[PDB]
Amino acid sequence: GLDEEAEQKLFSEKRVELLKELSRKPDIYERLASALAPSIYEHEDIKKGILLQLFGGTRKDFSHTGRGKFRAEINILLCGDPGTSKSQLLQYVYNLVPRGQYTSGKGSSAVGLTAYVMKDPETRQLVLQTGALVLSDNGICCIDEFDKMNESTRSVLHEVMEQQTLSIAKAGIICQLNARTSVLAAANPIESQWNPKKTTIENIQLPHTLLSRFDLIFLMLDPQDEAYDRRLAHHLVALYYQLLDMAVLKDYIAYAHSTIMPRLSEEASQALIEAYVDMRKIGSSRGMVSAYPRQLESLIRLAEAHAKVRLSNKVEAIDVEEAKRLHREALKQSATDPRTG
DNA sequence: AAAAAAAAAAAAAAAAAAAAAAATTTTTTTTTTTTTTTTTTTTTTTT
């Protein structure tokens, strides 16, 4: 938790040195990703995105700039029919992270996600009560069935995912709560399956603004691969007839949050500028998910997260390259083409 | 056929009128009992 991380005397010197060694290993990113969700098979890119979400970005103070808070959290959307493990991933994140809230389909409303007023049935006084997003203030909100979610409740997430605040202006009291939550959304394709006769944007069926608010989108498409099918079948049967330890995973993440505060190096800055220009060029097509300065900030956040994963404390070219590669492989820019579909 | 907007339903909280509920010993009178007294009457003593 936040309090445990804030407390200084949390790790022994031996444990700190062990964590530093693990960060000094070459494939720590792959190791942590494989550690995540051991019961779900071969979602390497998705688990890397989840790991970067857990590590978060670099919290920055922009009060002097007069610019407004900057979201350091990583928002991830998963897209795929109800045959993939998107819901399982959301459940795993919910059961893993502290301050994890869960929502699904139409089982939520705007007031029930932000705040409301109830007569305290022990003092007979009208007290204000928080919603799921506020309850997961410094944690993660996992929103399954994000497609079957009416606009009235879906529109609240704009403020949460953009400003990390929540300005409730009702009769009694008007106040700006803080919901610095990380969104892990899961949405189904139109007609509950990814038909290969439609382009990605229409298959997703989400507003451009809502999709831009996400810094990662993973299209969990289904490749008709006999090898993949056989490996998954063996995985599941072995699961029925049944590593990197969770303890050291916790210690690594807590240490990274406590100490590592990655900053931008010159090479990383130039790489990010070039990457954003190239991303705009590639995404200026018709059916592709376009790119914006929001995507530039998404790359910045992912680079900071990778720096945290490496305990670098300095964002650099390798981090930027990993951010770009992840942001492309997720959303499968390669498999697409100017003639989107 | 689905999404967005409108309207309705259900439910909870607050206010006003009207019926209900709670609190509430002291003071004066007066009757009976006892005692006191004035007169009548009866008894005893004396011549």
Side-chain angles (χ1 to χ4, degrees), chain A residues 75-84 86-87 90 101-135 141-163 165-177 179 181 183-222 283 285-290 292 294 331-332 336 340-341:
Chain A
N75 297 335
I76 290 165
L77 173 57
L78 315 184
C79 192
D81 75 325
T84 326
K86 40 184 290 210
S87 298
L90 265 70
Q101 286 295 133
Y102 195 82
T103 298
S104 170
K106 285 163 172 292
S108 61
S109 58
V111 302
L113 284 179
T114 62
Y116 47 96
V117 190
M118 52 155 47
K119 188 176 72 63
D120 169 64
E122 184 137 353
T123 63
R124 298 189 175 183
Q125 298 290 307
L126 295 182
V127 304
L128 202 164
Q129 174 66 264
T130 52
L133 290 172
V134 179
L135 286 183
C141 186
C142 309
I143 294 159
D144 191 71
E145 287 269 20
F146 187 54
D147 62 332
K148 316 221 70 55
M149 178 177 178
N150 59 40
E151 190 173 18
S152 183
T153 187
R154 160 178 300 163
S155 63
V156 164
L157 282 75
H158 282 210
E159 200 173 1
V160 160
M161 299 191 297
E162 182 62 12
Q163 304 171 1
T165 75
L166 208 166
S167 180
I168 63 187
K170 300 288 164 53
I173 298 92
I174 84 186
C175 55
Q176 175 148 316
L177 281 43
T181 180
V183 178
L184 178 56
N188 271 270
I190 281 284
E191 68 169 20
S192 75
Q193 199 267 330
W194 192 279
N195 65 330
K197 319 96 192 176
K198 280 180 184 178
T199 181
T200 63
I201 173 164
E202 61 179 346
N203 227 330
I204 285 161
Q205 172 252 327
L206 288 167
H208 284 102
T209 58
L210 207 302
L211 281 183
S212 69
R213 262 63 193 270
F214 276 84
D215 50 63
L216 272 182
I217 296 132
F218 289 74
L219 310 185
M220 307 180 74
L221 254 297
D222 183 5
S285 173
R286 298 181 175 180
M288 311 282 246
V289 190
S290 186
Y292 312 89
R294 248 191 282 276
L331 210 52
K332 286 173 174 54
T336 51
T340 63

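Each chain gets a letter, A, B and so on, in the order the sequences are listed, and its residues count up from 1. As a basis for the values below, the full set of heavy atoms in this structure was taken, side chains included, without hydrogen atoms, waters or symmetry mates.
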* To do: Nearest whole angstrom, please: distance from the P of B:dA13 to the CG of A:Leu126.
  => 7 Å

* Distance, rounded to the nearest Å, where A:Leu206 contributes CG and B:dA3 contributes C1' -> 14 Å

* Structure fact -> Here the gap from A:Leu206 atom CG to A:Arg213 atom CZ, rounded to the nearest 0.5 Å, amounts to 13.0 Å

* Quick one: pull up NE2 in A:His158 and OG1 in A:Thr209 and give me the separation to the nearest 0.5 Å. => 3.5 Å

* To do: Answer yes or no: is there a donor N or O on one side and an acceptor on the other, between the side chain of A:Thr336 and the main chain of A:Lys332, under 3.5 Å?
  => yes

* Asked: Would B:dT30 and B:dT31 pass the stacking test, six-membered ring centres less than 5.5 Å apart and planes less than 30 degrees?
  -> yes

* To do: Keeping the roles fixed (side chain from A:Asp120, backbone from A:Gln125), state whether a donor-acceptor pair exists under 3.5 Å.
  => no

* Structure fact -> A:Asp147 CG to B:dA2 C1', in whole Å, measures 13 Å

* Structure fact -> Given Watson-Crick and G-U pairs under 3.5 Å, DNA chain B in dot-bracket ([ ] crossing, | other strand) is ...............................................

* Structure fact -> Contacts of A:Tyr102 meeting ring pair (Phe, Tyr, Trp, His ring centres under 6.0 Å) (sequence neighbours excluded), chain-then-number -> A:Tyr94

* Structure fact -> A:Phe146 and A:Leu77 have their tightest heavy-atom pair at CD2-CD1, 4.4 Å

* Structure fact -> A:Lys119 atom NZ is separated from B:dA13 atom P, nearest whole Å, by 5 Å

* Measure from NZ on A:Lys106 to P on B:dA4 and round the result to the nearest Å. => 9 Å

* Over how many whole Å does the gap from A:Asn150 atom CG to B:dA3 atom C1' extend? -> 10 Å

* Asked: Taking atom P of B:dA14 as reference, at what distance in whole Å does atom CD of A:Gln125 sit?
  -> 9 Å

* **Whole angstrom value for the distance that separates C1' of B:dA12 from CZ of A:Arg124** => 14 Å

